[PDB]
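Structure record follows, encoded as structure tokens.
We did not get these values from a lab; they are worked out from the coordinates using the rules stated. Note that each Cβ is placed from the backbone with ideal geometry, even for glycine, and that neighbours are counted across all protein chains shown.
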2 protein chains.
Amino acid sequence: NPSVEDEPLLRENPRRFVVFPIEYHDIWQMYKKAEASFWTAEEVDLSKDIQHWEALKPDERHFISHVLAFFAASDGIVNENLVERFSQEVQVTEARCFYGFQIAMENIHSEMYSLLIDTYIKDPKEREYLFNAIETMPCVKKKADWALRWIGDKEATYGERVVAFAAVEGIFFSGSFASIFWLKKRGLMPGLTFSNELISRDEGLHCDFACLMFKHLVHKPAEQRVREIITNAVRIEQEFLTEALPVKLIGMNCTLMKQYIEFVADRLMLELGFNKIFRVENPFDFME
Amino acid sequence: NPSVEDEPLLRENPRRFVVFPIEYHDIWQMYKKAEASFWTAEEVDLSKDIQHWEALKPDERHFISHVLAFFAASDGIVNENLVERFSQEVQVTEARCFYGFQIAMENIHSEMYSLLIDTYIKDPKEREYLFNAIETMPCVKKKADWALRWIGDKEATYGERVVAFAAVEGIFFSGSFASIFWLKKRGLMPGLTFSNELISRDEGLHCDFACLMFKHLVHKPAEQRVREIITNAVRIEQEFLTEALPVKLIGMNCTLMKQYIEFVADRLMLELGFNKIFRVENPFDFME
Ligand SMILES: [Co+2]
Ligand SMILES: [Co+2]
């Protein structure tokens, strides 16, 4: 804790913790955006996806079940970090409100994903396999540990940690979000694609907020440091979608998927105030 | 941290943090109740209370402004405790979900109260006086410090702390909630009484959950310890409504108000599994 007192975002200068005397309208506006986007899992009708999961092909279910499992855990990893870290560190009221809402929405996301799994896998045995993917699946573990490491890293500053999770919510979900949107295009799994639209939207907002926090940070990682955290996330995600769980299992081109991950990484870099790293176009017309 | 490993609620046995494999339906049900009660401040129309605040009498505005100020802070005190303590300690998924939602609703409550103040006090000078009541007002400080002390108490167990905050959200708000319902009966301040109905309801739910957590606690304070925490809260609250801010300022009988505080304290004791302390009837027919 060196020059932390000079951080408007972290400095212990509240001695207020009131609300309306809003100091940061940009942060508050983000929070209001999130509030108005509130939804509950009960709002997604799954009373019809059981049949769709049947018409599906063996390779497809394999891909989906694995993607869902990866989601059933990730949402939790993010949530823990927000609870025992970010929401603790940040002393700015507006930010605390946004983080408080993000937490609630992440739990709704968790519930949504568990609800999906239960609907498709009625066998309580396979259910446990997917629910404990963090330990039952090595592929999902490489990513789980990556994010988990940023939670227990007592050295990494808030600046590095905020970029790492922006990468988790942005790069680690990008491939899966794109895979689901692809299915929607193919007219498959209405329940899965509908919830995916609400979730992807929330993650996009959570990512934009992360970048906004980064900007309110005075002493933050150097550009090179940011490029490597983001780049490590891109490689991890690409390997996951081209080796561990090839998008070919659902009729997607591995190469195009690789390009999309780089595209998403570049947008994140721009939102953080830096230049692009890969300089590639968005290969998917249904993701713009 | 003696025998904490034997606490199902606190023991670090998650290694799951998934959701649907619900273990405690009673806790989950509480969370679902809270979720369905969601509301935003934007849902309360205040485009008419400015006139009502005028027709009000000098003593009445004095009472209200002071009650609101007490609220603008309390909601924050509770929130901080939930963020840097309860939500941290509890490892049970269902409980974490409820606490995550409580936090979000408390911030909406804060916003609602600040919105009310701004509407009634257009003078930014008096605004600051009420917003920083924790330091600008001694009366509200005695209560603020009481709750604040339970946050920084590194000795008090979760059991004691959970009872203390159940007392804050139940006993410390009781008098003020009753005062507002009294105004509603007198047909005054529609904006204030409407929001009061949504808030009081949420606090009641937050109190019931506190009692439910207490029950899931194996090693908790002895009944005598519970009676004194609750009793200290009753005396503090009574003094506040009969000396610091006499309910007489709004046409209420000090004695009856004293009896209501004791009534509320007794209900809390019953919800915790103990016998009543005061054994008094609810003196207000508009509070049943
Ligand atoms: Co998120
Ligand atoms: Co509350």
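Just checking, does segment A:177-199 include any residue being away from chain B (no Cβ under 14 Å), more than 20 Å from residue A:240 (Cβ to Cβ), surrounded by fewer than 17 Cβ atoms within 10 Å (Cβ to Cβ) and within 13 Å of ligand 1 (Cβ to nearest atom)?
Scanning segment A:177-199 turns up no residue that is away from chain B (no Cβ under 14 Å), more than 20 Å from residue A:240 (Cβ to Cβ), surrounded by fewer than 17 Cβ atoms within 10 Å (Cβ to Cβ) and within 13 Å of ligand 1 (Cβ to nearest atom).
For segment B:70-86, does any single residue satisfy the condition of being part of a helix (DSSP H, G or I), more than 14 Å from every other protein chain (Cβ to nearest Cβ), crowded, with 23+ Cβ neighbours inside 10 Å and in contact (Cβ under 8 Å) with a residue 60 or more places away in the chain? Working first, answer last.
Let us first name the residues in segment B:70-86 that are part of a helix (DSSP H, G or I), namely B:70-86.
Going one step further and asking which of them are more than 14 Å from every other protein chain (Cβ to nearest Cβ), we end up with none.
Among the residues of segment B:70-86, not one is part of a helix (DSSP H, G or I), more than 14 Å from every other protein chain (Cβ to nearest Cβ), crowded, with 23+ Cβ neighbours inside 10 Å and in contact (Cβ under 8 Å) with a residue 60 or more places away in the chain, which makes the answer no.
Which fully enclosed helices (runs of 4 or more DSSP H) of segment A:189-287 have 2 or more residues being closer than 27 Å to residue A:23 by Cα?
A:190-215, A:254-271
Here's a check for you: in segment A:13-62, which residue that is assigned to a loop (DSSP other than H, G, I, E, B) and without any contact (Cβ under 8 Å) to a residue 60 or more places away in the chain is nearest to residue A:197 (Cα to Cα)?
My answer is A:47.
Could you say whether any residue in segment B:104-118 is closer than 19 Å to residue A:99 by Cα and within 16 Å of ligand 1 (Cβ to nearest atom)?
Taking every residue of segment B:104-118 in turn, at least one turns out to be closer than 19 Å to residue A:99 by Cα and within 16 Å of ligand 1 (Cβ to nearest atom).
Is one or more of the residues making up segment A:48-69 at the interface with chain B (Cβ under 9 Å from one of its Cβ atoms) and either surrounded by 18 or more Cβ atoms within 10 Å (Cβ to Cβ) or more than 16 Å from ligand 1 (Cβ to nearest atom) (or both)?
no
Given (1) within 14 Å of chain B (Cβ to nearest Cβ); (2) surrounded by fewer than 17 Cβ atoms within 10 Å (Cβ to Cβ), identify the lone condition not met by residue A:35.
The single condition residue A:35 does not satisfy is (2).
Within segment B:6-22, can you find the residues that are away from chain A (no Cβ under 14 Å) and aromatic (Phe, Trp, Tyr)?
Once the filter is applied, which keeps residues that are away from chain A (no Cβ under 14 Å) and aromatic (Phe, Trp, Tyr), segment B:6-22 yields nothing.
Return yes when residue B:94 is of a type in the set (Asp, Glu), in a helix (DSSP H, G or I) and surrounded by fewer than 24 Cβ atoms within 10 Å (Cβ to Cβ) and no when it is not.
Spelling it out, residue B:94 is indeed of a type in the set (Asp, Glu), in a helix (DSSP H, G or I) and surrounded by fewer than 24 Cβ atoms within 10 Å (Cβ to Cβ).
Test residue A:42 against the criterion of being among the charged types (D, E, K, R), more than 16 Å from ligand 1 (Cβ to nearest atom), within 12 Å of another protein chain (Cβ to nearest Cβ) and surrounded by 13 or more Cβ atoms within 10 Å (Cβ to Cβ), and give yes or no.
yes
What's the number of the only condition in (1) within 16 Å of ligand 1 (Cβ to nearest atom); (2) of a type in the set (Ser, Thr, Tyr); (3) more than 29 Å from residue A:145 (Cα to Cα) that residue A:74 fails to meet?
(3)
Which of the residues belonging to segment A:116-152 are touching a helix residue (DSSP H, G or I) at 6+ places or on another chain (Cβ under 9 Å) and outside any helix (DSSP H, G or I)?
Answer for segment A:116-152, where residues must be touching a helix residue (DSSP H, G or I) at 6+ places or on another chain (Cβ under 9 Å) and outside any helix (DSSP H, G or I): A:121, A:122, A:132, A:137.
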